[PDB]
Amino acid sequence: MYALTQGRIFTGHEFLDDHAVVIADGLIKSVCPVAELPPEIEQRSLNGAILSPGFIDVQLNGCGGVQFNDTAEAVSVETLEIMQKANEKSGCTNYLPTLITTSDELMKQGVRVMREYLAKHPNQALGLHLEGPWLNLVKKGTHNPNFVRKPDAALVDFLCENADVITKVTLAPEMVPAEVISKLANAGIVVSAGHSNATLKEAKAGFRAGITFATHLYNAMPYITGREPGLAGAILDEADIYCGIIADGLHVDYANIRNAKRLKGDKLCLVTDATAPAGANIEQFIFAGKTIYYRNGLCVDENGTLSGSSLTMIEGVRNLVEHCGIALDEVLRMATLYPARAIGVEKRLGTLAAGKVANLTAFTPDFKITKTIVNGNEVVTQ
């Protein structure tokens, strides 16, 4: 047992000064004023850094130089181990390894690997985020067009049967029967609308069937016209729909993010949707059979096509703060509480409270990580 002290603490609901967070047995024992601590308890100074719950990234394809995609060799427990350690250096203690449209074979392999990972590393990579393959070719992005396909009943049932390791599935509502959505949803899986060219009507039909989330707002969605709001327009006007947004300033112009935050309120979650180069130092990487060069801090292919993100959660936090006029506290919620409630793990992860898992991170005013704690153990010290 020990307690973090001497620094601003963000519980997820407010900032506390002259307070302490007592951690013991991998959980947060309590939050109290530094005054109510028995002098003999081990005290670890924050050195004036802001303490926050660990960041939760609900959409991440890869980082730390690797990717949980494409090959059978990549889709492995070690990739998840490498990805986890990379995120931690960025204050991200939890994430959803995201596997994009590929073969049923690789999909089934992902499930086994995730399950294998869960049996070794607790409260870290929470579960699978299957992005695809039931998408719309027109908004396929970088996905392999050969794997974009209609949903097979058997594959659908397979997913429901394995909902215990599948946190979320992104599909194009106008490309799937309502039943599939309702099926996956009733199985306990978060169904999100994305890589879709759905009209407003199709989007709303997608929500009524059970979709409760939207993947990277504005990206791989119809443009917004006066007469046809499209899926993005629809997500904006639907109060209860949660949605992620990539805040690197490249995928979404900051004005669009500010507009989205005003309309989404407490339903907008920060995501990185990052790839291999994030939290690493590589020149390029392969994906969907294409070479994505990491040229000038940008992931672009030979055509000049922006083909990926290298954002990290602290960076996203920093950008939302200084470029989008969102106060730090609300931004912190966008990286913890909100995504936690969006995937249903707020019972134990989105905030700093008694009984919650001891996953935290600390950073200085200039947004530099100084600490990352996982299951009570300090894994990052800078």
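Numbers follow the displayed sequence, beginning with 1.
> Got a sec? Mean C-alpha B-factor, which is higher, 158-166 or 265-273?
Mean CA B-factor is higher for 158-166.
> Compare the mean C-alpha B-factor of 111-119 with that of 195-203 as given in the PDB entry, and name the stretch with the higher value.
Stretch with the greater average CA B-factor: 111-119.
> Going by the entry, which of 236, 211, 300, 252 has the most elevated CA B factor?
Of the candidates given, the C-alpha B-factor peaks at 300.
> From 131, 88, 240, 104, which pick has the Cα B-factor that tops the rest in the entry?
The record points to 104.
> By its CA B factor, does residue 140 count among the lowest, middle or highest third of the modelled residues in the chain?
Middle third.
> Comparing residue 175 with the other modelled residues of its chain, is its CA B-factor in the lowest, middle or highest third?
For residue 175, the deposited C-alpha B-factor lands in the middle third.
> Grab the CA temperature factor for residue 52 from the record and place it in the lowest, middle or highest third of its chain.
CA B-factor rank for residue 52: middle third.
> Just say lowest, middle or highest third for the CA B-factor of residue 351 relative to the other modelled residues in its chain.
Middle third.
> Could you tell me which third, lowest, middle or highest, the C-alpha B-factor of residue 313 occupies within its chain?
Lowest third - that is where residue 313 ends up once the chain's C-alpha B-factors are sorted.
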